[PDB]
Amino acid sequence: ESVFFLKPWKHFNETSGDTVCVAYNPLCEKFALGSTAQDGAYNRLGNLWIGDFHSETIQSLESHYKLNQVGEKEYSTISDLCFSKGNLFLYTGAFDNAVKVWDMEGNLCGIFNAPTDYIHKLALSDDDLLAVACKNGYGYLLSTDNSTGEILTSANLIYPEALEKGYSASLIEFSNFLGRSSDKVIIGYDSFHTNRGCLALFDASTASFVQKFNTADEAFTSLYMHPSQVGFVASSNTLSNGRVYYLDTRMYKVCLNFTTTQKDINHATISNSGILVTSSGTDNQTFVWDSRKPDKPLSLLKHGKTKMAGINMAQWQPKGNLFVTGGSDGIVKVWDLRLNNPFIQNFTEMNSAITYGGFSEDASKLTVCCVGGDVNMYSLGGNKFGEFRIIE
């Protein structure tokens, strides 16, 4: 389990805002950091960075922004980002309503301006097709030139009944049963005109609506695909308690459901073993279920008193079996659900509530962020944190 071997590597805080997304490129040679706006705050640099692991350098990008009430541009929250499968480009989404495409030197190569409200989520297919979930209730599918980054095609993913109800598209994932079927696009909806929403499926090659998944209208908060791609979980908030659904990728049917007393679910997952399901909430704890006895929780994994939104980091160690969660006590806790007491150890402690945490797919990196702009990077490289050197 690589997590024991990860040692502090780099610390960074030039951040305007809180860092709320991190990405690694397929090769795990470069990473990118997106943070929020801060409404009254000075931010020369921020909120969009690209770093390089070999050179230990980092560069601030032109990013997303609007002109504030003084005529002086202010940065817009980065809502998602992901590196291209060809390793040349970075795709970003923000609260300026735009999808942008950047090359590895920070040059803007492409832009999608059709959306009329905040971008909320991005997903990327095996063939580098980009799915976009927009606050206006539309999803979009975008293709990009492999060598130039220019946006080549777009397609609207429209679920008219959701749109009638004024829902926002806020979650999005591709699905193809590990390459054994054609690409479908799952979209999760929620409602800011206020706990309603829904979960729908689209065909990606035709860009057409296929079905509503069989749940009540509920605000979906999180989507997680098992690494085997045999199934995924989706969590929602309801008028009362929260719910988690387990959905099969052959039938595209709801197979199992769990209920929790958590009133706001931030993240649901499935274990790497494929058998456990988790729900981490604003209550600063994670409920866990054995899917073969879904009646009652198997365990309850608690964090401590807030340093100040509860659990903002929840991931299984890639390639391993340990579960890792980060909460508003500022602690990253390590758990083994196969032990009678699952708590293993505190991995680290940050100066304030955790805002994001994520492993690289090759398990060689862990990045953890907290309120106030701190970003800690841990690597299989040892006692103290170094710095990146900022470049232009």
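In this text, residue numbers run from 1 along the sequence as written.
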- [ ] Quick one: classify how much of the deposited chain lacks coordinates between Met308 and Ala309, choosing none, 1 to 3, 4 to 9, or 10 or more.
- [x] 10 or more
Open item on the list: For the step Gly381 to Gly382, what size class fits the number of deposited residues with no coordinates, none, 1 to 3, 4 to 9, or 10 or more?
Closed with: 1 to 3
Task: Of 45-53 and 330-338, the one with larger mean CA B-factor - done: 45-53
TODO: Would you tell me which stretch averages the higher CA B-factor in the PDB entry, 150-158 or 100-108?
DONE: 100-108
Task: Highest-ranked of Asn87, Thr286, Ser170, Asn266 once sorted by CA temperature factor in the record - done: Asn87
Task: Given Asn241, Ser228, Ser235, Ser175, the residue at which the Cα B factor reaches its maximum - done: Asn241
- [ ] Would you please rank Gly197 by its C-alpha temperature factor against the other modelled residues of its chain and give the third it falls in: lowest, middle or highest?
- [x] lowest
Open item on the list: Among the modelled residues of this chain, does the Cα B factor of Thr367 put it in the lowest, middle or highest third?
Closed with: lowest
- [ ] Grab the CA temperature factor for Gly357 from the record and place it in the lowest, middle or highest third of its chain.
- [x] middle
TODO: Would you check the entry's CA temperature factor for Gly304 and let me know if it's in the chain's lowest, middle or highest third?
DONE: highest
Task: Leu61 - Cα temperature factor, lowest/middle/highest third of chain - done: middle
